[PDB]
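A.B. asks: Provide a 3D model corresponding to the input given below.
(one chain, ligands or ions: 2)
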Amino acid sequence: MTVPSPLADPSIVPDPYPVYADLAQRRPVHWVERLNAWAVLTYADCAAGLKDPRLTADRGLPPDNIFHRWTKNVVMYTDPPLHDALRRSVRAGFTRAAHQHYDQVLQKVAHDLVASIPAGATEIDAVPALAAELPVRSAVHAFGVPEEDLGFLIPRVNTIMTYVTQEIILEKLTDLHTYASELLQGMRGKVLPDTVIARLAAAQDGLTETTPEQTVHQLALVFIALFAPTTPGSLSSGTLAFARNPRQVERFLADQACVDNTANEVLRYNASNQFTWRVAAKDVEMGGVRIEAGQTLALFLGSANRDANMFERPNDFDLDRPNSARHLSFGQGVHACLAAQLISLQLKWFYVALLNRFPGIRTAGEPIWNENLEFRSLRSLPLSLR
Ligand code: HEM
Ligand SMILES: [Li+]
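C.D. replies: Residues are numbered from 1 along each chain as shown. Ligands and ions are numbered 1, 2, ... in the order given. Now the structure:
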């Protein structure tokens, strides 16, 4: 627990993959002091870890604080059986029928955003112009966040997501709860019909295994996830991958199977959430290391996704890869991303619109990355359009 590791250093965020690969070969499970946790780097160990009921997500200041009340009442930080009740209680937003509707909505929203870039424009910064914007348009039109309430919501989520005191974070999380409960009573903006939130709102008279107060907690989680840097990061990193791989732009334009695999290969190529957290409920052994009950683990999804044992030539962005769907960028098992299909639709329709209008995208200078590996996301992506 005293051996140095570079994994929590901002210096590796621009390109963490050679670091992951060097460390995995020698110490696939090892202690990272700045994370206060055991890093887990291989695909096999990350996948086992996500499936392991001995590893809890219940990670939970005065004891009645809102962070504790929130975490103990949302799917992301609870274990079965409560987790499973909480997850069933939001199923109405994410049915097969709902996704057939979101498919159509997201095709149009992505098309219209890309079409708003003048055809004669020669350059853009694809992060603010596109990657930051499409998730907001999707939040409004697919999820049903009222357009008129974005001024309230987005800056508060940005503050909560800061890489600012503990007091301020508790205040903004309190505000999200206030907003969520008032939204459901018609006191805030108008929720568009047939959206995720409209469906959840209509389901509230039918609760059987969760409480109205838990709906409020979970909606606060949804707002944080919606405006987190994860969706922008996926959009911008995939845009960079196409800009650096013109042969894959060609394959995308030539082959519907490549289009169909684009969301998953983009997600595999760069996990936005490069690691997620677990706590050992009981002693476990991983990577030859005895991890004791109570200790924290960081499962490096981003490393797993470039493990050559699962993905041959893992550093190739390859739309013809046959097993891209095995990526761990949405996790796996109990806590697998609630919005996985919504996100993959958003990604698919973005690249359809982008590469048909601007097949000639290329970088116009070096991309600039952020400094937080956990929520890894380009700050700027200067892009020539022609
Ligand atoms: C590219 C965008 C996104 C990525 C890469 C992503 C990634 C993830 C990952 C890795 C997990 C599993 C965490 C774990 O096992 O500890 C997860 C869970 C979750 N995600 Fe996403 N997410 C994205 C967008 C969203 C959005 C927009 C929403 C809005 C609803 C969302 C809602 C959730 C929820 C509620 C969970 C917890 C599910 C449960 O515990 O049962 N995610 N996500
Ligand atoms: Li940043």
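A.B. asks: if I pick the residue lying closest to residue 212 once chain neighbours are set aside, what's in contact with it?
C.D. replies: The shortest distance from residue 212 to any non-neighbouring residue, by CB to CB, 6 or more residues apart in numbering, is to residue 204 (6.8 Å). Placement of C-beta: from N, CA and C, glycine included. Neighbour list for residue 204: 184, 212, 215 [criterion: CB atoms under 8 Å, 6 or more residues apart in numbering].
A.B. asks: of the residues you listed, buried ones?
C.D. replies: Buried residues within these, counting neighbours by 16 or more other CB atoms under 10 Å: 184, 215.
A.B. asks: keep only those of the contacts of residue 204 that are in helices.
C.D. replies: Among those, DSSP state H puts 184, 212, 215 in helices.
A.B. asks: how about residue 189, what does it touch?
C.D. replies: 145-149, 183.
A.B. asks: any chance of JSON lines for the contacts of residue 204, columns distance to ligand 2?
C.D. replies: Listed next are the contacts of residue 204 as JSON lines, based on distance: CB to the ion, whole Å:
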{"residue": "184", "distance to ligand 2": "32"}
{"residue": "212", "distance to ligand 2": "36"}
{"residue": "215", "distance to ligand 2": "32"}
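A.B. asks: which ones among the contacts of residue 204 also lie next to ligand 1?
C.D. replies: Checking these against ligand 1 by CB under 6 Å from any ligand atom, not one of them is in range.
A.B. asks: phi, psi of residue 25?
C.D. replies: phi -90, psi -30 (degrees, to the nearest 10).
A.B. asks: give me the neighbour count for it.
C.D. replies: Using other CB atoms under 10 Å, the number of residues around residue 25 comes to 10.
A.B. asks: how about it, what does it touch?
C.D. replies: Here residue 25 is in contact with no residue (CB under 8 Å, 6+ apart).
A.B. asks: how much space between it and ligand 2?
C.D. replies: 31 Å (CB to the ion, to the nearest Å).
A.B. asks: any idea how far residue 242 is from that residue?
C.D. replies: 30 Å (CB to CB, to the nearest Å).
A.B. asks: over to residue 361?
C.D. replies: 6 Å.
A.B. asks: tabulate the contacts of residue 204 (CSV), appending distance to residue 354.
C.D. replies: CSV is the format used below for those (distance: CB to CB, whole Å):
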residue, distance to residue 354
184, 36
212, 41
215, 36
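A.B. asks: closest one of the contacts of residue 204 to ligand 1?
C.D. replies: Nearest to ligand 1 among the contacts of residue 204, counting by CB to the nearest ligand atom, is residue 215 at 12.8 Å.
A.B. asks: now do the contacts for that closest one.
C.D. replies: Shown in contact with residue 215 (CB under 8 Å, 6+ apart): 89, 180, 184, 200, 204, 207.
A.B. asks: reformat those as TSV; add secondary structure.
C.D. replies: Output for the contacts of residue 215, formatted as TSV (DSSP: H, G, I helix; E, B strand; the rest coil):
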residue	secondary structure
89	coil
180	helix
184	helix
200	helix
204	helix
207	coil
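A.B. asks: need the residue closest to the centroid of the protein.
C.D. replies: By CA atoms, centre = their mean, the mean C-alpha position of the chain lies nearest to residue 230, the distance being 3.9 Å.
A.B. asks: I'd say that residue and residue 272 touch.
C.D. replies: Yes - contact criterion CB atoms under 8 Å: residue 230 and residue 272 qualify, at 4.0 Å.
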